[PDB]
Every structure is written in structure tokens, then in C-alpha cells.
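*Asks:* Quick one: the structure is below, questions incoming.
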Amino acid sequence: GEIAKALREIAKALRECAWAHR
Amino acid sequence: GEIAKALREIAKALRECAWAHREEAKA
Amino acid sequence: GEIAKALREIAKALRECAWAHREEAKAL
Amino acid sequence: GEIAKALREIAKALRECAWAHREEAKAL
Amino acid sequence: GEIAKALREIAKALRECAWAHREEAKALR
Amino acid sequence: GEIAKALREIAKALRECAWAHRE
Amino acid sequence: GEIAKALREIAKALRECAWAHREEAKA
């Protein structure tokens with residue numbers, strides 16, 4: 001579903017926020 | 001749908017927040 | 001719809017958090 | 001609706017997180 | 001509702017993240 | 001509900017993000 | 001459900017964000 005896909009996109013962005021902290 | 005579209009906008013904003021932190025790490 | 005509008009408000013707030021943090025990075 | 005109200009509360013809290021950074025930006 | 005209650009719990013957690021950021025920044029003086 | 005449980009998990013994770021900077 | 005699974009993925013990402021911030025603070 002499109003909503004689930006967007007939520008996974010949100011998670012991916014948050015993983016970027018954590019990896020930026022590298 | 002517009003809910004999914006708004007959620008994608010949130011993801012986009014969070015990628016900004018990632019970009020800002022990278023600029024923080026380099027500063 | 002009201003939920004979509006609230007979600008966009010969340011996105012706006014997060015753009016406001018990115019802006020504020022860039023200013024921290026520039027203040028440092 | 002209650003869900004939209006809670007989502008707006010989340011946006012408001014995130015504007016607080018921005019505020020916290022701005023106060024820092026003006027200090028630092 | 002349970003979903004709304006959980007979302008409010010998220011808002012509360014974020015207000016805690018704002019408070020913590022403010023104190024961390026002040027702890028670094 | 002499963003969605004409500006995951007949302008509470010998100011809240012719990014955010015409290016960890018707060019404790020990290022308290023730490 | 002797929003939505004609940006995605007939300008749990010978001011929670012997991014935020015737990016990453018706490019681990020990363022904690023190490024930043026200790027570094």
C-alpha cells in the first residue's frame with residue numbers, strides 16, 4: 001500500500017538522520 | 001492519496017533534518 | 001482532509017527543525 | 001477528530017524542538 | 001481512542017526531546 | 001491494536017532520543 | 001499488518017537515532 005510505502009520512506013530518512021551522526 | 005502524499009512530505013523534511021546534521025558534523 | 005492537513009503541519013515543523021539546526025551548525 | 005488533534009499536538013511539539021535549537025543558535 | 005492516545009504519547013515524548021535539547025545545550029555552557 | 005502498539009513503540013524510542021541528550 | 005510493520009521500522013530507526021546521539025555526546 002502507498003501509506004505503508006511512505007511510512008517506510010520515513011523510517012529510511014530517520015536512518016539517514018542516525019547515519020548523519022556518523 | 002493525500003495522506004500518503006503528506007507522509008512523503010514528512011520523509012522529505014526528515015531528509016532535510018539529515019542534511020542539516022551532516023552540515024553540523026562538517027562545521 | 002484534516003488528518004492530511006495535520007500531517008503536512010508535522011512536515012512543516014520538521015522543516016522548521018532542519019532550519020534551526022542549520023543555524024546551530026552555522027553558529028558553531 | 002481526535003486523531004487529527006493529536007497529530008497537530010505532535011507538530012506543536014516539533015515546533016518546540018525547533019525553538020530549542022533556535023535558542024541555542026542565538027546563544028552559540 | 002487508543003491510536004489517538006498513542007499519538008499524544010508521541011507528542012509528549014517530543015516535548016521531552018525539546019526539553020532535553022535545551023538542557024544539553026546549556027550543560028555545554 | 002497492532003497500530004497503536006507500534007505508535008507507543010515510536011513514543012518509547014523518542015523517549016530514548018531524549019534520554020540520550022540527558023545522558 | 002504492513003502499516004504496523006512500517007511503524008515498527010520507524011521506531012527502530014529512532015532507536016538508532018538515540019544510539020547515534022548518545023555516542024556523539026560521549027565522543
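Going by the C-alpha cells order, chains are called A, B, ..., each with residues numbered from 1, while ligands are numbered from 1 in the order shown.
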Quick one: everything within 9 Å of residue 7 (chain A), counting only C-alpha atoms, minus sequence neighbours fewer than 6 positions away in the same chain. Send it as a PyMOL selection string.
*Replies:* (chain B and resi 4+7-8+11) or (chain G and resi 3+6-7+9-10)
*Asks:* Those residues you just picked out, can you put them in a file as a JSON list (two decimals), in the first residue's frame with C-alpha atoms?
*Replies:*
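This went into out-v7.json:
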[["chain", "number", "residue", "atom", "x", "y", "z"],
["B", 4, "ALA", "CA", 0.36, 9.12, 1.67],
["B", 7, "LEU", "CA", 3.67, 11.25, 4.77],
["B", 8, "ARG", "CA", 6.14, 11.51, 1.87],
["B", 11, "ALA", "CA", 10.05, 11.90, 4.91],
["G", 3, "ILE", "CA", 1.31, -0.36, 8.21],
["G", 6, "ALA", "CA", 6.36, 0.14, 8.82],
["G", 7, "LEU", "CA", 5.65, 1.96, 12.08],
["G", 9, "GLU", "CA", 10.56, 0.20, 11.36],
["G", 10, "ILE", "CA", 10.20, 3.88, 12.23]]
*Asks:* For the reference chain B, what are the coordinates of chain G after least-squares fitting (all Cα, in-order pairing), as an mmCIF file with N, CA and C atoms, in the first residue's frame?
*Replies:*
data_model
loop_
_atom_site.group_PDB
_atom_site.id
_atom_site.type_symbol
_atom_site.label_atom_id
_atom_site.label_comp_id
_atom_site.auth_asym_id
_atom_site.auth_seq_id
_atom_site.Cartn_x
_atom_site.Cartn_y
_atom_site.Cartn_z
ATOM 1 N N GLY G 1 -2.996 9.362 -2.781
ATOM 2 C CA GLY G 1 -3.808 9.869 -1.693
ATOM 3 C C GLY G 1 -3.197 11.022 -0.929
ATOM 4 N N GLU G 2 -4.049 11.794 -0.266
ATOM 5 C CA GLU G 2 -3.574 12.978 0.444
ATOM 6 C C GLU G 2 -2.738 12.578 1.656
ATOM 7 N N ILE G 3 -3.108 11.479 2.305
ATOM 8 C CA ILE G 3 -2.336 11.005 3.461
ATOM 9 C C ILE G 3 -0.950 10.516 3.053
ATOM 10 N N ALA G 4 -0.897 9.705 2.004
ATOM 11 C CA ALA G 4 0.382 9.236 1.482
ATOM 12 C C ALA G 4 1.264 10.411 1.054
ATOM 13 N N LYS G 5 0.667 11.418 0.429
ATOM 14 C CA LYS G 5 1.440 12.600 0.026
ATOM 15 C C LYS G 5 2.029 13.324 1.242
ATOM 16 N N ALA G 6 1.234 13.444 2.304
ATOM 17 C CA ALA G 6 1.723 14.107 3.524
ATOM 18 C C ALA G 6 2.850 13.309 4.161
ATOM 19 N N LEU G 7 2.735 11.986 4.144
ATOM 20 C CA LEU G 7 3.796 11.140 4.693
ATOM 21 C C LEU G 7 5.099 11.295 3.911
ATOM 22 N N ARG G 8 4.991 11.396 2.595
ATOM 23 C CA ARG G 8 6.176 11.630 1.764
ATOM 24 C C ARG G 8 6.802 13.000 2.081
ATOM 25 N N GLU G 9 5.965 13.976 2.415
ATOM 26 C CA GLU G 9 6.439 15.296 2.820
ATOM 27 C C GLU G 9 7.222 15.197 4.129
ATOM 28 N N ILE G 10 6.756 14.333 5.021
ATOM 29 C CA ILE G 10 7.458 14.060 6.272
ATOM 30 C C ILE G 10 8.820 13.419 5.978
ATOM 31 N N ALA G 11 8.845 12.436 5.080
ATOM 32 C CA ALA G 11 10.113 11.806 4.709
ATOM 33 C C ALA G 11 11.062 12.844 4.142
ATOM 34 N N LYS G 12 10.546 13.715 3.278
ATOM 35 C CA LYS G 12 11.399 14.748 2.677
ATOM 36 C C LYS G 12 11.985 15.683 3.749
ATOM 37 N N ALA G 13 11.157 16.049 4.718
ATOM 38 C CA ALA G 13 11.617 16.908 5.804
ATOM 39 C C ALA G 13 12.720 16.216 6.609
ATOM 40 N N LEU G 14 12.578 14.910 6.820
ATOM 41 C CA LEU G 14 13.594 14.174 7.569
ATOM 42 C C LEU G 14 14.896 14.069 6.773
ATOM 43 N N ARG G 15 14.804 13.964 5.451
ATOM 44 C CA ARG G 15 16.023 14.009 4.635
ATOM 45 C C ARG G 15 16.680 15.382 4.727
ATOM 46 N N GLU G 16 15.887 16.430 4.940
ATOM 47 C CA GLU G 16 16.471 17.746 5.163
ATOM 48 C C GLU G 16 17.277 17.674 6.448
ATOM 49 N N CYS G 17 16.579 17.188 7.611
ATOM 50 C CA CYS G 17 17.133 17.061 8.922
ATOM 51 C C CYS G 17 18.434 16.297 8.821
ATOM 52 N N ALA G 18 18.584 15.210 7.866
ATOM 53 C CA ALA G 18 19.899 14.559 7.778
ATOM 54 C C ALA G 18 20.951 15.464 7.133
ATOM 55 N N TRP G 19 20.575 16.145 6.049
ATOM 56 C CA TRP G 19 21.513 17.053 5.389
ATOM 57 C C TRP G 19 21.999 18.132 6.359
ATOM 58 N N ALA G 20 21.073 18.705 7.117
ATOM 59 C CA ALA G 20 21.431 19.750 8.074
ATOM 60 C C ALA G 20 22.354 19.236 9.185
ATOM 61 N N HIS G 21 22.083 18.030 9.676
ATOM 62 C CA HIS G 21 22.899 17.464 10.744
ATOM 63 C C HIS G 21 24.295 17.127 10.234
ATOM 64 N N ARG G 22 24.369 16.632 9.005
ATOM 65 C CA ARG G 22 25.663 16.317 8.419
ATOM 66 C C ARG G 22 26.538 17.563 8.276
ATOM 67 N N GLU G 23 25.935 18.684 7.891
ATOM 68 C CA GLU G 23 26.709 19.913 7.711
ATOM 69 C C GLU G 23 27.115 20.493 9.058
ATOM 70 N N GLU G 24 26.274 20.276 10.062
ATOM 71 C CA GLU G 24 26.594 20.692 11.419
ATOM 72 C C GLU G 24 27.832 19.936 11.890
ATOM 73 N N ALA G 25 27.852 18.632 11.631
ATOM 74 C CA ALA G 25 28.976 17.785 12.018
ATOM 75 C C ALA G 25 30.270 18.170 11.289
ATOM 76 N N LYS G 26 30.151 18.622 10.042
ATOM 77 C CA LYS G 26 31.331 19.015 9.258
ATOM 78 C C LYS G 26 31.778 20.444 9.559
ATOM 79 N N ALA G 27 30.856 21.255 10.069
ATOM 80 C CA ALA G 27 31.174 22.623 10.458
ATOM 81 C C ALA G 27 31.962 22.646 11.763
#
*Asks:* Would you list which chain A residues are within 7 Å of chain B using only C-alpha atoms, as JSON, numbers by chain?
*Replies:* {"A": [2, 3, 6, 7, 9, 10, 13, 14, 16, 17, 20, 21]}
*Asks:* When all Cα positions are paired in order and chain C is fitted onto chain D, what RMSD is left, to one decimal?
*Replies:*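 So the superposition leaves a C-alpha RMSD of 0.6 Å.
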*Asks:* Name all residues at most 10 Å from residue 13 (chain C) (count only C-alpha atoms; drop same-chain ones fewer than 2 positions away) and give them as a PyMOL selection string.
*Replies:* (chain B and resi 10+13) or (chain C and resi 7-11+15-19) or (chain D and resi 10-18)
*Asks:* Might you pull out every residue within 6 Å of residue 4 (chain D), with only C-alpha atoms counted and same-chain residues fewer than 3 positions away left off, and present them as a list in words?
*Replies:*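 Final neighbour list, sorted by chain and number: residues 3 and 6 of chain C; 1 and 7 of chain D.
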*Asks:* Write out the residues from the selection above, keeping C-alpha atoms, as a PDB file, in the first residue's frame.
*Replies:*
ATOM      1  CA  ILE C   3      -5.523  14.252   9.017  1.00  0.00           C
ATOM      2  CA  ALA C   6      -2.174  17.780  10.319  1.00  0.00           C
TER       3      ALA C   6
ATOM      4  CA  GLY D   1     -11.273  14.453  15.098  1.00  0.00           C
ATOM      5  CA  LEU D   7      -1.213  14.892  15.066  1.00  0.00           C
TER       6      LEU D   7
END
*Asks:* What's the separation between CA of residue 20 (chain F) and CA of residue 25 (chain C), in Å to one decimal place?
*Replies:*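 Calculated distance between CA of residue 20 (chain F) and CA of residue 25 (chain C) is 19.7 Å.
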*Asks:* What lies within 10 Å of residue 1 (chain E) using only C-alpha atoms, ignoring chain neighbours under 3 positions off, as a VMD selection string?
*Replies:* (chain D and resid 2 to 3) or (chain E and resid 4 to 6) or (chain F and resid 4)
*Asks:* Atoms to include: N, CA and C atoms. Write the selected residues as a PDB file, in the first residue's frame.
*Replies:*
ATOM      1  N   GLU D   2     -10.206  13.387  16.961  1.00  0.00           N
ATOM      2  CA  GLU D   2      -9.193  13.183  17.986  1.00  0.00           C
ATOM      3  C   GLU D   2      -7.835  12.835  17.381  1.00  0.00           C
ATOM      4  N   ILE D   3      -7.826  12.057  16.300  1.00  0.00           N
ATOM      5  CA  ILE D   3      -6.539  11.697  15.697  1.00  0.00           C
ATOM      6  C   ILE D   3      -5.857  12.931  15.082  1.00  0.00           C
TER       7      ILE D   3
ATOM      8  N   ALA E   4      -5.218   7.607  19.008  1.00  0.00           N
ATOM      9  CA  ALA E   4      -5.062   9.000  19.415  1.00  0.00           C
ATOM     10  C   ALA E   4      -4.236   9.122  20.698  1.00  0.00           C
ATOM     11  N   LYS E   5      -4.489   8.229  21.645  1.00  0.00           N
ATOM     12  CA  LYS E   5      -3.735   8.224  22.907  1.00  0.00           C
ATOM     13  C   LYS E   5      -2.256   7.970  22.649  1.00  0.00           C
ATOM     14  N   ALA E   6      -1.965   7.025  21.760  1.00  0.00           N
ATOM     15  CA  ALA E   6      -0.578   6.710  21.410  1.00  0.00           C
ATOM     16  C   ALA E   6       0.081   7.899  20.708  1.00  0.00           C
TER      17      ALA E   6
ATOM     18  N   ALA F   4      -1.660   0.886  17.223  1.00  0.00           N
ATOM     19  CA  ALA F   4      -1.482   1.616  18.471  1.00  0.00           C
ATOM     20  C   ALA F   4      -0.223   1.146  19.211  1.00  0.00           C
TER      21      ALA F   4
END
*Asks:* With a distance threshold of 12 Å and counting only C-alpha atoms, extract the residues of chain F near chain D and express them as number ranges by chain.
*Replies:* F: 4, 7, 11, 14, 17-18
*Asks:* For a test of reading the model, state the distance in Å between CA of residue 19 (chain F) and CA of residue 20 (chain E), rounded to one decimal.
*Replies:*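 Between CA of residue 19 (chain F) and CA of residue 20 (chain E) the gap is 7.4 Å.
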*Asks:* Rounded to one decimal, what separation in Å do you get between CA of residue 1 (chain A) and CA of residue 3 (chain E)?
*Replies:*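 CA of residue 3 (chain E) lies 19.7 Å from CA of residue 1 (chain A).
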